[PDB]
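Below is one structure; the comments refer to it alone.
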Amino acid sequence: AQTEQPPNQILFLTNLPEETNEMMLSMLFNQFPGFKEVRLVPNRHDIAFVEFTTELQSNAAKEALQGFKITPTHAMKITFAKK
């Protein structure tokens with residue numbers, strides 16, 4: 001199961017579209033000035049990871065995009081990943 005934590009510069013994401021692509025999440029999260037990268041799971045697509053310069057900026061992106069419909073039936077869940 002996914003878990004929340006104190007802020008971290010890496011996020012773990014769930015309930016994504018069955019057709020999610022790295023470029024979609026990059027375009028969504030690159031709106032924030034601390035985004036760096038994404039890592040999809042190309043055998044499921046419904047989960048992914050995202051990476052940032054600092055924990056406060058991934059936190060800002062998390063609060064900004066938790067619940068965001070990537071498509072009408074796929075509200076993005078977001079959690080902090082762990083290192």
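Scheme for the structure tokens: letters A, B, ... for chains in order shown; per-chain residue numbers from 1; ligand numbers from 1 in order shown.
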
Give the alpha helix (DSSP H) residues of region 6-42 of chain A, as DSSP finds them on the backbone, and put them as a VMD selection string. chain A and resid 22 to 29

Near residue 43 (chain A), within 12 Å and counting only C-alpha atoms, which residues show up once chain neighbours fewer than 2 positions away are dropped, as a ChimeraX atom specification? /A:18-21,40-41,45-48

Output of the above residues as an mmCIF file, in the first residue's frame, restricted to C-alpha atoms:
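Generated file (selection24.cif):
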```
data_model
loop_
_atom_site.group_PDB
_atom_site.id
_atom_site.type_symbol
_atom_site.label_atom_id
_atom_site.label_comp_id
_atom_site.auth_asym_id
_atom_site.auth_seq_id
_atom_site.Cartn_x
_atom_site.Cartn_y
_atom_site.Cartn_z
ATOM 1 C CA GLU A 18 -4.455 2.670 -18.202
ATOM 2 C CA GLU A 19 -2.746 4.618 -21.073
ATOM 3 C CA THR A 20 -0.575 7.070 -19.032
ATOM 4 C CA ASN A 21 2.683 8.118 -20.770
ATOM 5 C CA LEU A 40 6.304 5.433 -15.576
ATOM 6 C CA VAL A 41 5.571 1.713 -15.082
ATOM 7 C CA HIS A 45 0.511 2.667 -16.435
ATOM 8 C CA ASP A 46 -1.971 3.105 -13.497
ATOM 9 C CA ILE A 47 1.015 3.905 -11.190
ATOM 10 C CA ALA A 48 4.141 6.105 -11.679
#
```

If you run DSSP over the backbone, which residues in chain A end up strand (DSSP E or B)? Put them as a PyMOL selection string. chain A and resi 10-14+35-40+48-52+69+75+77-80

Put those residues in a file: N, CA, C and O atoms, as an mmCIF file, in the first residue's frame.
```
data_model
loop_
_atom_site.group_PDB
_atom_site.id
_atom_site.type_symbol
_atom_site.label_atom_id
_atom_site.label_comp_id
_atom_site.auth_asym_id
_atom_site.auth_seq_id
_atom_site.Cartn_x
_atom_site.Cartn_y
_atom_site.Cartn_z
ATOM 1 N N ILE A 10 10.591 13.197 -4.068
ATOM 2 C CA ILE A 10 10.157 12.147 -4.980
ATOM 3 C C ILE A 10 8.743 11.775 -4.541
ATOM 4 O O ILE A 10 8.443 11.721 -3.343
ATOM 5 N N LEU A 11 7.877 11.510 -5.513
ATOM 6 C CA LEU A 11 6.465 11.218 -5.332
ATOM 7 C C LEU A 11 6.188 9.862 -5.974
ATOM 8 O O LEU A 11 6.844 9.490 -6.949
ATOM 9 N N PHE A 12 5.190 9.156 -5.452
ATOM 10 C CA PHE A 12 4.657 7.908 -5.969
ATOM 11 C C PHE A 12 3.176 8.164 -6.205
ATOM 12 O O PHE A 12 2.510 8.764 -5.357
ATOM 13 N N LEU A 13 2.678 7.779 -7.374
ATOM 14 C CA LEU A 13 1.395 8.208 -7.912
ATOM 15 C C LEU A 13 0.603 6.964 -8.278
ATOM 16 O O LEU A 13 1.187 5.989 -8.757
ATOM 17 N N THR A 14 -0.717 7.015 -8.112
ATOM 18 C CA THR A 14 -1.604 5.875 -8.307
ATOM 19 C C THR A 14 -2.937 6.345 -8.921
ATOM 20 O O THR A 14 -3.176 7.551 -9.067
ATOM 21 N N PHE A 35 10.169 20.814 -10.718
ATOM 22 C CA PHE A 35 10.072 19.507 -11.362
ATOM 23 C C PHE A 35 11.417 19.126 -11.997
ATOM 24 O O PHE A 35 12.125 20.005 -12.502
ATOM 25 N N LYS A 36 11.735 17.822 -12.051
ATOM 26 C CA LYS A 36 12.893 17.321 -12.792
ATOM 27 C C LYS A 36 12.540 16.157 -13.711
ATOM 28 O O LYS A 36 12.972 16.185 -14.864
ATOM 29 N N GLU A 37 11.819 15.128 -13.249
ATOM 30 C CA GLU A 37 11.694 13.887 -14.021
ATOM 31 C C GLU A 37 10.454 13.079 -13.619
ATOM 32 O O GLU A 37 9.805 13.374 -12.614
ATOM 33 N N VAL A 38 10.155 12.030 -14.390
ATOM 34 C CA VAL A 38 9.072 11.069 -14.190
ATOM 35 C C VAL A 38 9.662 9.682 -14.468
ATOM 36 O O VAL A 38 10.583 9.551 -15.281
ATOM 37 N N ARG A 39 9.103 8.640 -13.846
ATOM 38 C CA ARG A 39 9.369 7.249 -14.194
ATOM 39 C C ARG A 39 8.030 6.522 -14.199
ATOM 40 O O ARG A 39 7.423 6.324 -13.146
ATOM 41 N N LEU A 40 7.527 6.212 -15.394
ATOM 42 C CA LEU A 40 6.304 5.433 -15.576
ATOM 43 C C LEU A 40 6.565 3.966 -15.223
ATOM 44 O O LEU A 40 7.715 3.549 -15.070
ATOM 45 N N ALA A 48 2.931 5.441 -11.197
ATOM 46 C CA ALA A 48 4.141 6.105 -11.679
ATOM 47 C C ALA A 48 4.912 6.713 -10.502
ATOM 48 O O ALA A 48 4.423 6.715 -9.370
ATOM 49 N N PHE A 49 6.074 7.303 -10.785
ATOM 50 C CA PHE A 49 6.859 8.107 -9.856
ATOM 51 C C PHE A 49 7.226 9.425 -10.539
ATOM 52 O O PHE A 49 7.291 9.489 -11.770
ATOM 53 N N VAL A 50 7.497 10.465 -9.750
ATOM 54 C CA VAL A 50 7.861 11.805 -10.212
ATOM 55 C C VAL A 50 8.962 12.314 -9.271
ATOM 56 O O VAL A 50 8.977 11.940 -8.098
ATOM 57 N N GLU A 51 9.884 13.145 -9.759
ATOM 58 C CA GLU A 51 11.074 13.586 -9.035
ATOM 59 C C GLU A 51 11.268 15.093 -9.236
ATOM 60 O O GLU A 51 10.971 15.635 -10.306
ATOM 61 N N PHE A 52 11.763 15.755 -8.188
ATOM 62 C CA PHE A 52 11.830 17.200 -8.018
ATOM 63 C C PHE A 52 13.183 17.590 -7.412
ATOM 64 O O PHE A 52 13.912 16.751 -6.874
ATOM 65 N N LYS A 69 -8.121 15.030 -12.486
ATOM 66 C CA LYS A 69 -8.483 14.084 -13.541
ATOM 67 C C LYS A 69 -7.466 14.206 -14.674
ATOM 68 O O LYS A 69 -7.500 15.186 -15.420
ATOM 69 N N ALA A 75 -8.752 10.390 -11.442
ATOM 70 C CA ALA A 75 -8.230 11.321 -10.453
ATOM 71 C C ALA A 75 -6.858 10.826 -9.980
ATOM 72 O O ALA A 75 -6.767 9.764 -9.362
ATOM 73 N N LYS A 77 -4.015 10.110 -7.756
ATOM 74 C CA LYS A 77 -3.562 10.059 -6.368
ATOM 75 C C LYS A 77 -2.054 10.276 -6.365
ATOM 76 O O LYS A 77 -1.368 9.913 -7.324
ATOM 77 N N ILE A 78 -1.542 10.850 -5.279
ATOM 78 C CA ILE A 78 -0.143 11.219 -5.115
ATOM 79 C C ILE A 78 0.189 10.956 -3.648
ATOM 80 O O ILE A 78 -0.619 11.262 -2.766
ATOM 81 N N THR A 79 1.391 10.459 -3.399
ATOM 82 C CA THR A 79 1.982 10.195 -2.095
ATOM 83 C C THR A 79 3.472 10.538 -2.209
ATOM 84 O O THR A 79 4.007 10.584 -3.320
ATOM 85 N N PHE A 80 4.165 10.783 -1.096
ATOM 86 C CA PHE A 80 5.621 10.890 -1.131
ATOM 87 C C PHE A 80 6.195 9.485 -1.313
ATOM 88 O O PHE A 80 5.797 8.557 -0.607
#
```

Select, from A:8, A:53, A:17, A:1, the residue with the minimum atom-to-atom distance to residue 72 (chain A), counting only C-alpha atoms.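 Among the listed residues, the smallest separation from residue 72 (chain A) belongs to A:17.
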
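Distance-wise, CA of residue 4 (chain A) and CA of residue 54 (chain A) end up 16.7 Å apart.
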
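Contact shell of residue 55 (chain A) at 7 Å (only C-alpha atoms; same-chain neighbours under 4 positions omitted): residues 7, 8, 9 and 59 of chain A.
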
Quick one: everything within 9 Å of residue 32 (chain A), counting only C-alpha atoms, minus sequence neighbours fewer than 2 positions away in the same chain. Send it as a ChimeraX atom specification. /A:28-30,34-35,57-58,60-61

Suppose you want the space between CA of residue 3 (chain A) and CA of residue 16 (chain A); what is it in Å?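 So the two atoms, CA of residue 3 (chain A) and CA of residue 16 (chain A), lie 16.6 Å apart.
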
CA of residue 24 (chain A) sits from CA of residue 81 (chain A) at a separation of 19.4 Å
